[PDB]
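Here is the structure we will look at.
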Amino acid sequence: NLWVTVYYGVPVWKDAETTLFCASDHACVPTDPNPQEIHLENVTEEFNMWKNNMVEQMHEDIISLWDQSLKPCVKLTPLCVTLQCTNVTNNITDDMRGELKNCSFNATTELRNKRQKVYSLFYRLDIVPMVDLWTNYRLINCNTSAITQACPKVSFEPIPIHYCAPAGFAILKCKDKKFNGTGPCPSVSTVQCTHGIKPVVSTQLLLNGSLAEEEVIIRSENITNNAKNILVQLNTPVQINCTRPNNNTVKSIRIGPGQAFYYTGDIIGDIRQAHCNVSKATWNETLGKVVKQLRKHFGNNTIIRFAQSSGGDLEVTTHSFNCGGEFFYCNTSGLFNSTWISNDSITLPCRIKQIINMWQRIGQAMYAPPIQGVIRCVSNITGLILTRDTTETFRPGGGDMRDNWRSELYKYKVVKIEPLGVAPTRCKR
Amino acid sequence: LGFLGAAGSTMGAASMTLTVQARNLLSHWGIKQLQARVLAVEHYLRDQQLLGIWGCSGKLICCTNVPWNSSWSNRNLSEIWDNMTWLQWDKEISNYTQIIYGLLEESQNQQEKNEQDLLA
Amino acid sequence: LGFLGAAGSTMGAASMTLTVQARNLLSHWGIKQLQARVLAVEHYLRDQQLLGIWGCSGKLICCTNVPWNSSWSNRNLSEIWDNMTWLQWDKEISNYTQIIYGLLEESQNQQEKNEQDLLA
Amino acid sequence: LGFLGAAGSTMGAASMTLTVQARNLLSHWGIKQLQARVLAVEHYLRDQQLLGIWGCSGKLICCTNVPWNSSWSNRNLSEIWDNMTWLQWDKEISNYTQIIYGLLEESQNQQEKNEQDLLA
Amino acid sequence: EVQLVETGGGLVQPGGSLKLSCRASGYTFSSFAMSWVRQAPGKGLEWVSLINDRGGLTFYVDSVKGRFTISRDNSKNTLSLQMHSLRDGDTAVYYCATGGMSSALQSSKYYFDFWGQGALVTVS
Ligand SMILES: *[C@@H]1O[C@H](CO)[C@@H](O[C@@H]2O[C@H](CO)[C@@H](O[C@@H]3O[C@H](CO)[C@@H](O)[C@H](O[C@H]4O[C@H](CO)[C@@H](O)[C@H](O)[C@@H]4O)[C@@H]3O)[C@H](O)[C@H]2NC(C)=O)[C@H](O)[C@H]1NC(C)=O
Ligand SMILES: *[C@@H]1O[C@H](CO[C@@H]2O[C@@H](C)[C@@H](O)[C@@H](O)[C@@H]2O)[C@@H](O[C@@H]2O[C@H](CO)[C@@H](O)[C@H](O)[C@H]2NC(C)=O)[C@H](O)[C@H]1NC(C)=O
Ligand SMILES: *[C@@H]1O[C@H](CO[C@@H]2O[C@@H](C)[C@@H](O)[C@@H](O)[C@@H]2O)[C@@H](O[C@@H]2O[C@H](CO)[C@@H](O)[C@H](O)[C@H]2NC(C)=O)[C@H](O)[C@H]1NC(C)=O
Ligand SMILES: *[C@@H]1O[C@H](CO[C@@H]2O[C@@H](C)[C@@H](O)[C@@H](O)[C@@H]2O)[C@@H](O[C@@H]2O[C@H](CO)[C@@H](O)[C@H](O)[C@H]2NC(C)=O)[C@H](O)[C@H]1NC(C)=O
Ligand SMILES: *[C@@H]1O[C@H](CO)[C@@H](O[C@@H]2O[C@H](CO)[C@@H](O)[C@H](O)[C@H]2NC(C)=O)[C@H](O)[C@H]1NC(C)=O
Ligand SMILES: *[C@@H]1O[C@H](CO)[C@@H](O[C@@H]2O[C@H](CO)[C@@H](O)[C@H](O)[C@H]2NC(C)=O)[C@H](O)[C@H]1NC(C)=O
Ligand SMILES: *[C@@H]1O[C@H](CO)[C@@H](O[C@@H]2O[C@H](CO)[C@@H](O)[C@H](O)[C@H]2NC(C)=O)[C@H](O)[C@H]1NC(C)=O
Ligand SMILES: *[C@@H]1O[C@H](CO)[C@@H](O[C@@H]2O[C@H](CO)[C@@H](O)[C@H](O)[C@H]2NC(C)=O)[C@H](O)[C@H]1NC(C)=O
Ligand SMILES: *[C@@H]1O[C@H](CO[C@@H]2O[C@@H](C)[C@@H](O)[C@@H](O)[C@@H]2O)[C@@H](O)[C@H](O)[C@H]1NC(C)=O
Ligand SMILES: *[C@@H]1O[C@H](CO[C@@H]2O[C@@H](C)[C@@H](O)[C@@H](O)[C@@H]2O)[C@@H](O)[C@H](O)[C@H]1NC(C)=O
Ligand SMILES: *[C@@H]1O[C@H](CO[C@@H]2O[C@@H](C)[C@@H](O)[C@@H](O)[C@@H]2O)[C@@H](O)[C@H](O)[C@H]1NC(C)=O
Ligand SMILES: *[C@@H]1O[C@H](CO)[C@@H](O)[C@H](O)[C@H]1NC(C)=O
Ligand SMILES: *[C@@H]1O[C@H](CO)[C@@H](O)[C@H](O)[C@H]1NC(C)=O
Ligand SMILES: *[C@@H]1O[C@H](CO)[C@@H](O)[C@H](O)[C@H]1NC(C)=O
Ligand SMILES: *[C@@H]1O[C@H](CO)[C@@H](O)[C@H](O)[C@H]1NC(C)=O
Ligand SMILES: *[C@@H]1O[C@H](CO)[C@@H](O)[C@H](O)[C@H]1NC(C)=O
Ligand SMILES: *[C@@H]1O[C@H](CO)[C@@H](O)[C@H](O)[C@H]1NC(C)=O
Ligand SMILES: *[C@@H]1O[C@H](CO)[C@@H](O)[C@H](O)[C@H]1NC(C)=O
Ligand SMILES: *[C@@H]1O[C@H](CO)[C@@H](O)[C@H](O)[C@H]1NC(C)=O
Ligand SMILES: *[C@@H]1O[C@H](CO)[C@@H](O)[C@H](O)[C@H]1NC(C)=O
Ligand SMILES: *[C@@H]1O[C@H](CO)[C@@H](O)[C@H](O)[C@H]1NC(C)=O
Ligand SMILES: *[C@@H]1O[C@H](CO)[C@@H](O)[C@H](O)[C@H]1NC(C)=O
Ligand SMILES: *[C@@H]1O[C@H](CO)[C@@H](O)[C@H](O)[C@H]1NC(C)=O
Ligand SMILES: *[C@@H]1O[C@H](CO)[C@@H](O)[C@H](O)[C@H]1NC(C)=O
Ligand SMILES: *[C@@H]1O[C@H](CO)[C@@H](O)[C@H](O)[C@H]1NC(C)=O
Ligand SMILES: *[C@@H]1O[C@H](CO)[C@@H](O)[C@H](O)[C@H]1NC(C)=O
Ligand SMILES: *[C@@H]1O[C@H](CO)[C@@H](O)[C@H](O)[C@H]1NC(C)=O
Ligand SMILES: *[C@@H]1O[C@H](CO)[C@@H](O)[C@H](O)[C@H]1NC(C)=O
Ligand SMILES: *[C@@H]1O[C@H](CO)[C@@H](O)[C@H](O)[C@H]1NC(C)=O
Ligand SMILES: *[C@@H]1O[C@H](CO)[C@@H](O)[C@H](O)[C@H]1NC(C)=O
């Protein structure tokens, strides 16, 4: 009765892992002016963030670009010498005691038979109290890898990157406003390329990301498993104002044939600690919303407590971020010190470092040239990364950057188009 | 009316947008992009080679001489082509697909040899 | 008589050298060599896919069922085909091209469905 | 029954495995691998283009209108097909190949123009 | 309830032309093939012409093959037949009927499901 009929151009697909390419406005494809989203009126599909390979590709490309940008920059190997460090001749407040040191050293110069005396200011965190010879201290990473100076012409602005499908593939987007990262999504659309995602690198407080459309959303791979992180997306931003209120004079020297080293010469005015401001009421409302949602996963007649990280190094116990090119490490214990049972602002002290590792790696370091003048930046807190220990206790986490990327890519899936298929009809040759 | 727009529609409707999907099959830093272009081409060519083997070259809708052994799917036309979407159909008869492809290949080989002996 | 030798001749003459041009469409330091080879293939395949969509697969000359609306060009058959080269023709009807391609696509879809019903 | 299994068999037997071989034509460090993948595609496409030129597109066994000038091989159809393997045949008539291919192309060009003139 | 209503012509002279039309309602018009069946006043039924549901495919009996045109308009739910050269032998009731063919993703037909009442066409 019925015969096999072959159809080509059949609108079906399978889950797939393929190579994605980027587009933007060091460079790849020009940003596509029109993503051409297609609604797919009756398509329901299953999404599963945390098993999403788009995350791994974003991870690898961001790190690779970071490394490529340092290839032509000065390698500060002539500076791994003993230092002679003493205290700073200025008005230093208690919060800065001691925090800074005035270090002199013998630098190489343009000619090999010449040497020069240079002194500069260092943060205590960038030096180690060793040597114990004629001199006191050496630079932190001259016992692991050599430091590379970032080129002064290169900014670290998080310019957004779009991720585009290759021919034969498509990206499906979940538009369900209540989607928690996994399972069926009743409203799915097809796009050619994702929206631009800003490669913002930070730890416990996610900055400048997307907000939830209606309500705070708590997403976790396994909510009852303390080994998993909890990504909390806010439906409202919390504004945070960060500053480094010290007017730096930046000087430079040649350490070799075309190799210029940058350093802080001195500080104009009083010396004060860098800090960030979070409005107090706003923060209290934000937590109240988070608590209401946590109570839907945990017992309702419960107690939710917030606490500061219990340990690890500066990279994970603080809020790490880039503010105007400087690297801040802010103490958030002022944000996560409360218990919730059934024009004020919060100031977060911030530490500054010039020699950073960025990624969780051993063999690389970077020196961030100090910046002339005074730095101020304003960012939006768009989500939190929390971990969990009656009374449930939550603490800031976020050491693995993949989680920052998951908070933006959770709504996208890659599928392979399989246009060939068969079905019975009455038609025969 | 765009790419995969008909994916949630019934097979009897979706069969009219075959050109929409067919047109979306073709088009160190920069190497992975070149690799992606090469593999997209290879997948395209394999589908075209297979259609050629079955005698479906050059067409989007190809009728054959192989019958539908009910053991693969015992649903009637006015279920398959009025209710199910191609995605639900593909899942239903995913298992018994290599069997169908094998039958289509044999059918075409018999047809090519029969024709050679009718042009004699 | 070689590649593009007929470019300066009239359309009615040039049409006899279609195989000459068709045969010349195929075949970090050095990476650009691969990029060039890959794009030559991609362009070739797009032309072949399009001929497939229109039902012209496998032919260099393909007649269709779409009629020539005079608005595209009202020149009579012996002002086009023995008084005008292909280069001048392409310029004459450049704007009205995507229209024709769209019509050819629709024509073939109508043709494929009708045939299927006749083979029941 | 596998790839090239029929290579030592007579032409009259080997001709039944054409799909076996056809399916084995498709599928700084890493560049030589891309080069190998690209050339596999280019060789495939040239064979397909040539079959298209000759009017053999979409089929594995193509009869034509070109006759066998005995000066190519004056052997008879119980020797060529029952006593010779494709490898031996290919060697026998390797000299006179770019004559046959030229004739096949010419024959098809005439067939296309005659067919357009009939459809008028 | 399915209805087919012929709104045809009347008495015409031989060698001229007459156009019939049929309006349909109660079902999706576009889902069905349609045909005309003829009945001479003293005879049985004769199939005359068939048209596909999308209007692309038409078939006729040899006796009217070079004379009749069958058409369709799916926006107006209308079936029509234009007859030329009107033989006296074409006097008959012309019935509008639904069925006679399917579209090869549908269950088969090859019978008629619905009938109109018929237009009477008389050729002098
Ligand atoms: C979250 O989003 C906000 C809003 O976009 C973002 O704040 C922006 O940060 C950039 C970088 O610090 C600011 O850009 C600078 O603006 C000053 C204005 O005086 C300019 O002078 C700067 O130019 C000098 O430095 C460049 C190198 O960085 C040189 O290339 C240049 O030649 C100059 O010497 C530079 O343009 C921008 O103004 C703010 N925007 C606002 C509204 O304040 C914040 O950084 C994001 N947060 C995170 C964590 O990413
Ligand atoms: C139609 O199929 C039956 C059984 O189908 C088998 O199982 C189905 C689920 C699916 O996988 C089919 O492709 C399988 O063939 C056939 O009956 C059997 O056929 C095989 C050979 O194909 C034979 O070895 C068995 O002994 C047969 N008996 C059984 C177990 O039913 C039947 O021959 C097929 N008919 C047609 C028209 O192809
Ligand atoms: C043939 O062309 C005329 C003119 O159409 C214009 O030029 C064509 C190349 C194309 O660009 C059309 O979109 C242009 O309008 C057509 O006449 C007009 O067609 C449009 C679209 O159908 C319609 O809105 C106008 O009312 C028409 N005007 C007239 C004077 O009739 C004509 O329809 C074309 N015929 C065919 C076979 O498509
Ligand atoms: C069949 O071939 C004969 C012999 O042709 C020679 O061998 C062929 C394989 C090829 O290499 C030819 O070019 C050789 O000439 C043909 O007889 C000759 O044909 C050519 C034209 O092709 C002509 O110039 C010669 O004068 C002819 N005479 C000889 C014996 O050399 C014969 O015409 C061919 N028949 C067909 C069907 O084309
Ligand atoms: C760091 O130490 C240097 C000396 O090595 C200080 O520089 C001198 O400052 C005095 C004034 O107090 C001047 O008279 C000298 O000419 C300066 N010497 C040089 C080489 O510049 C410097 O002021 C100290 N800086 C801080 C912040 O303590
Ligand atoms: C580079 O120097 C640092 C600082 O001295 C080393 O870290 C210390 O290691 C000792 C054990 O040998 C611990 O007792 C200290 O508490 C560590 N200090 C800090 C601040 O963590 C580091 O191991 C050295 N790296 C290499 C490769 O030798
Ligand atoms: C962050 O908040 C502090 C308050 O805790 C602000 O400090 C005040 O700034 C004004 C204006 O310069 C001074 O008059 C007050 O005396 C300061 N108060 C204290 C306690 O120091 C600070 O300006 C805010 N700023 C940011 C992020 O730049
Ligand atoms: C943020 O500041 C608080 C002080 O308010 C630090 O908390 C103290 O940590 C020491 C151990 O180093 C404990 O002995 C004290 O009892 C803690 N004080 C309080 C009030 O709890 C905290 O360690 C700092 N966190 C970071 C990341 O710098
Ligand atoms: C099509 O089938 C529908 C369900 O009935 C039955 O189950 C399917 C799987 C077939 O095996 C069929 O033969 C059985 O009747 C019926 O509701 C529907 O009426 C059937 N329609 C037609 C056109 O037969
Ligand atoms: C073809 O027409 C010639 C004049 O061309 C006129 O103008 C061109 C631009 C077109 O619009 C064309 O249709 C017009 O008629 C005549 O000189 C010539 O003899 C005609 N040839 C034939 C075959 O009729
Ligand atoms: C095919 O040829 C067979 C052998 O024929 C002889 O040997 C070959 C090598 C040539 O030299 C030929 O001229 C000789 O006559 C015949 O036994 C057989 O019948 C032939 N078959 C046909 C169809 O011709
Ligand atoms: C340090 O503070 C004293 C007041 O205690 C002031 O007289 C002196 O000028 C200040 N020095 C600097 C470098 O600001
Ligand atoms: C230098 O600063 C440290 C830390 O604040 C302090 O303990 C030490 O006594 C100071 N020494 C001098 C000479 O000022
Ligand atoms: C997310 O929602 C799905 C709905 O089916 C549920 O099964 C899953 O447990 C939820 N996961 C979390 C972390 O809330
Ligand atoms: C979550 O972790 C617990 C650990 O005891 C395990 O029993 C449970 O099955 C896990 N749930 C999921 C969804 O992985
Ligand atoms: C940040 O600075 C703006 C002025 O640029 C001010 O209006 C806003 O209140 C400040 N935000 C916080 C949290 O202090
Ligand atoms: C934060 O919410 C708690 C709810 O128990 C309330 O007691 C506390 O006063 C609130 N603080 C602010 C600044 O609103
Ligand atoms: C939790 O308590 C609220 C009232 O504060 C109630 O509306 C909600 O349904 C309760 N949820 C559960 C799981 O008991
Ligand atoms: C938490 O709040 C209490 C209020 O009594 C205060 O004593 C304590 O120092 C605070 N802890 C932190 C880390 O700020
Ligand atoms: C730093 O001090 C110098 C003194 O010459 C002044 O020109 C400059 O504007 C100051 N910068 C800031 C940010 O206060
Ligand atoms: C924070 O969100 C508001 C939403 O109205 C937006 O206007 C503002 O630019 C955002 N701030 C940053 C730093 O992106
Ligand atoms: C989706 O299903 C509804 C019936 O619930 C139907 O009316 C609509 O046309 C369907 N849309 C598509 C794209 O198939
Ligand atoms: C299609 O699905 C609807 C809802 O399940 C059902 O009422 C109808 O009978 C189905 N039609 C057929 C026969 O496939
Ligand atoms: C397809 O095969 C899998 C694995 O044997 C089996 O679990 C599933 O039931 C099969 N489905 C069908 C359609 O028979
Ligand atoms: C160039 O024009 C002349 C004159 O009409 C003609 O004889 C010659 O064949 C033309 N050249 C080509 C390549 O057609
Ligand atoms: C070319 O066109 C012109 C203008 O219509 C005409 O006079 C001339 O005869 C044409 N020549 C040929 C060879 O068609
Ligand atoms: C095509 O359109 C452009 C812009 O309107 C115009 O300049 C050009 O002359 C047109 N060409 C044709 C072939 O009509
Ligand atoms: C090999 O040749 C022998 C005759 O010597 C024949 O019987 C056998 O079938 C041939 N084998 C194959 C694979 O063709
Ligand atoms: C060809 O035929 C001869 C007959 O003597 C036989 O010996 C030889 O093995 C055959 N060769 C093949 C390839 O079958
Ligand atoms: C082909 O030509 C070469 C020329 O060297 C010759 O040796 C060979 O035997 C010829 N083969 C045949 C006769 O096909």
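Identifiers in the structure tokens: chain A, B, ... in order shown; residue index from 1 per chain; ligand index from 1 in order shown.
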
Give me, as CSV, each residue of chain A that comes within 12 Å of ligand 2, together with its shortest interatomic pair and the distance in Å at one decimal, counting only C-alpha atoms and all ligand atoms, with rows ordered by chain and rising residue number.
```
residue,atom,partner,partner_atom_place_in_ligand_line,distance
A:1,CA,ligand 2,37 (C),11.4
A:2,CA,ligand 2,37 (C),11.4
A:3,CA,ligand 2,37 (C),11.1
```

Could you please take those selected residues and save N, CA, C and O atoms as a PDB file, in the first residue's frame?
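The resulting file, result-v6.pdb, is reproduced below:
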```pdb
ATOM      1  N   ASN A   1       0.828  -1.196   0.000  1.00  0.00           N
ATOM      2  CA  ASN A   1       0.000   0.000   0.000  1.00  0.00           C
ATOM      3  C   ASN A   1       0.876   1.265   0.000  1.00  0.00           C
ATOM      4  O   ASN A   1       0.778   2.068  -0.936  1.00  0.00           O
ATOM      5  N   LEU A   2       1.689   1.469   1.067  1.00  0.00           N
ATOM      6  CA  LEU A   2       2.538   2.656   1.248  1.00  0.00           C
ATOM      7  C   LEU A   2       3.957   2.365   0.857  1.00  0.00           C
ATOM      8  O   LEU A   2       4.413   1.228   0.949  1.00  0.00           O
ATOM      9  N   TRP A   3       4.639   3.412   0.419  1.00  0.00           N
ATOM     10  CA  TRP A   3       5.995   3.374  -0.088  1.00  0.00           C
ATOM     11  C   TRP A   3       6.888   4.369   0.606  1.00  0.00           C
ATOM     12  O   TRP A   3       6.431   5.400   1.097  1.00  0.00           O
TER      13      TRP A   3
END
```

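The contact shell of ligand 19, defined as all polymer residues within 12 Å when only C-alpha atoms and all ligand atoms are used, comprises residues 305, 306, 307, 308, 309, 310, 331, 332, 333, 334, 335, 336, 337, 338, 339, 346, 347, 348, 349 and 395 of chain A.
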
Residues within 7 Å of ligand 20, counting only C-alpha atoms and all ligand atoms, as number ranges by chain: A: 247-248, 268, 373-374

Could you write those residues out with C-alpha atoms, as a short mmCIF file (atom, residue, chain, number, x, y, z; two decimals), in the first residue's frame?
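Output contents, as saved in result-v9.cif:
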```cif
data_model
loop_
_atom_site.label_atom_id
_atom_site.label_comp_id
_atom_site.auth_asym_id
_atom_site.auth_seq_id
_atom_site.Cartn_x
_atom_site.Cartn_y
_atom_site.Cartn_z
CA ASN A 247 46.68 60.80 42.70
CA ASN A 248 49.65 58.76 41.27
CA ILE A 268 50.26 63.31 45.49
CA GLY A 373 45.83 60.11 38.36
CA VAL A 374 42.80 58.85 40.31
#
```

Residue neighbourhood residue 50 (chain D), 10 Å, only C-alpha atoms, exclusion window fewer than 3 positions, as a list in words: residues 19, 22 and 23 of chain C; 45, 46, 47, 53, 54, 55, 56, 57, 101, 104 and 105 of chain D

Output file for the residues above (C-alpha atoms, as a tab-separated table (two decimals), in the first residue's frame):
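And here is the file that came out, selection-v1.tsv:
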```tsv
chain	number	residue	atom	x	y	z
C	19	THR	CA	31.64	23.44	-21.00
C	22	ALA	CA	32.40	25.06	-16.44
C	23	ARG	CA	35.62	23.03	-16.50
D	45	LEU	CA	33.93	17.13	-7.26
D	46	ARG	CA	35.90	16.82	-10.44
D	47	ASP	CA	34.51	13.39	-11.08
D	53	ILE	CA	29.17	17.39	-18.48
D	54	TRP	CA	28.62	14.04	-20.15
D	55	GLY	CA	24.96	13.86	-19.07
D	56	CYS	CA	25.64	10.99	-16.53
D	57	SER	CA	24.75	12.95	-13.44
D	101	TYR	CA	36.29	11.76	-22.81
D	104	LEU	CA	31.54	12.07	-24.70
D	105	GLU	CA	31.55	15.80	-24.10
```

Test item: chain B residues at most 12 Å from chain C, counting only C-alpha atoms, as a PyMOL selection string: chain B and resi 12+15-31+33-42+44-45+48+52+56-65
